[PDB]
Amino acid sequence: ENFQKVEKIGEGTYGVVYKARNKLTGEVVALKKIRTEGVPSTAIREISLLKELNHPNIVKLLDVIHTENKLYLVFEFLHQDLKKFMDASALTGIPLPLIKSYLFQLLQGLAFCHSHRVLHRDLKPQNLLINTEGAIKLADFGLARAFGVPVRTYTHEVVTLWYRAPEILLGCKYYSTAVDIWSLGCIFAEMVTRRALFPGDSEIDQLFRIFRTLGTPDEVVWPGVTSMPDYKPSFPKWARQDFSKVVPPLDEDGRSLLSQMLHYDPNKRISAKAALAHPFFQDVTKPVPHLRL
Ligand SMILES: O=c1c(O)cccc2cc(O)c(O)c(O)c12
């Protein structure tokens, strides 16, 4: 109504995303339309709280619009997402200093969200947005918390499992901030090697891809694992792969940090705050990406 619907910039996890121009402000924004029983009031209040979340590494949520018994989220617009940039960059790779800058910024964003008791739980390259200024920002949180997580995306789209933490796959009902660190670890590896770390095509394939690389978890490395809801004693037992085979040719600082983000036990997994202190970031800078828009 008040927007020009420049274009449809994608099909998001909770619904379609459009680029739109505000006729009033002349502002260009990203408009997300969400799924019809009249909607929960709980989600509206929860999501509305998110407008308050402000940080250079988080995509700004400008407005929540509930009108006509519909739900729209109005976000600040960024021109490119990391998935597109990695594809664009697949021939030459993303330079390490830019990988490092992006990881550092994403951890700052997570540290902020997590200290505010906000989880993403859906992280993936498609929801990490970048600009010409060298910034990267976390988008499209859901919140899967304010909302909930049904079978498909919106209409017949296939959910990506590649970034899902093992505790989610094993049926843990209570997610912690550790799930976001796991996903970001997977994204870090993918920037480095230029292929997804764990590209599972099903929940069990996702789980077994993890096990084949990191070893099948046991009570030694992950106390309580064999009691998890979906754990089966019949899981094959794979040996852990020497870690230098996983993200060559990343240096030992990077491998060390990745290994800490990928710990099986969510309690041992490094926090975003602790990760920012890791020696990998001693030389961090903020390079300009080459973006073709
Ligand atoms: O917030 C966004 C979101 O929540 C979900 C999906 C896609 C997006 C795509 C964009 O280009 C953008 O600027 C965004 O701001 C989002």
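In order, the residues displayed for chain A correspond to 2-36, 41-298 in Swiss-Prot numbering, which applies throughout.
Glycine is treated like the rest: Cβ placed from N, Cα and C.
Swiss-Prot lists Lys6 with the feature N6-acetyllysine. The secondary structure of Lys6 (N6-acetyllysine), as reduced to three states from DSSP, is coil rather than helix or strand. Taking a C-beta cut-off of under 8 angstroms and a sequence separation of 6 or more, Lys6 (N6-acetyllysine) has the following same-chain neighbours: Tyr19, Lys20, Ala21, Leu32.
Cβ-based neighbour count (10 Å, all protein chains) for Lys9 (site 'CDK7 binding') stands at 10. Annotated site 'CDK7 binding' per Swiss-Prot: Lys9 (among others), in sequence order, evidence recorded as experimental evidence.
According to Swiss-Prot, the ATP binding site annotation covers 10-18, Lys33, 81-83, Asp86, 129-132, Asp145, on the basis of experimental evidence. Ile10 (ATP binding site) counts 17 other C-beta atoms within 10 Å of its own C-beta, drawing on all protein chains shown.
The phosphothreonine annotation in Swiss-Prot covers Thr14 (among others). According to DSSP, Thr14 (phosphothreonine) sits in a coil region rather than a helix or strand. Within the same chain, residues at least 6 positions away in sequence whose Cβ sits under 8 Å from that of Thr14 (phosphothreonine) are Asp127, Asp145, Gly147, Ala149, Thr158, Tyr159, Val164.
Cβ contacts within 10 Å of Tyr15 (phosphotyrosine), excluding its own Cβ and spanning all protein chains shown: 21. Annotation source Swiss-Prot lists phosphotyrosine at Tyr15 (among others).
Under DSSP, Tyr19 (phosphotyrosine) is assigned to a strand (E or B) in the three-state scheme. Summarising the annotation, Swiss-Prot assigns phosphotyrosine to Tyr19 (among others).
The site 'CDK7 binding' annotation in Swiss-Prot covers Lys88, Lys89 (among others). Around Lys89 (site 'CDK7 binding'), there are no C-beta neighbours below 8 angstroms that are at least 6 residues distant in the chain.
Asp127 (active site, proton acceptor) falls within neither a helix nor a strand when secondary structure is assigned with DSSP, and so counts as coil. As annotated by Swiss-Prot, active site, proton acceptor applies to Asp127.
Within 10 Å of the C-beta atom of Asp145 (ATP binding site) sit 25 other C-beta atoms, taking all shown protein chains into account. Reduced to three states, the DSSP call for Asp145 (ATP binding site) is coil. The Mg(2+) binding site feature in Swiss-Prot is assigned to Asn132, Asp145.
Annotation note: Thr160 (phosphothreonine) sits in a coil segment as assigned by DSSP. Per Swiss-Prot, phosphothreonine is recorded for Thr160 (among others).
What Swiss-Prot lists as site 'CDK7 binding' is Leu166 (among others). In the three-state DSSP assignment, the secondary structure recorded for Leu166 (site 'CDK7 binding') is coil.
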Distance check against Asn132 (Mg(2+) binding site) for the recorded positions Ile10, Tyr15, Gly16, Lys33, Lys88, keeping those with Cα within 10 Å: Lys88
Inter-residue Cα distance where the pair is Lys88 (site 'CDK7 binding') and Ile10 (ATP binding site), in Å: 13
Candidate with the highest Cβ count within 10 Å, taken from the binding-site residues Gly16, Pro130: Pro130
Close-lying recorded positions around ligand 1 among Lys9, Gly16, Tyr19, where CB distance stays under 6 Å: none
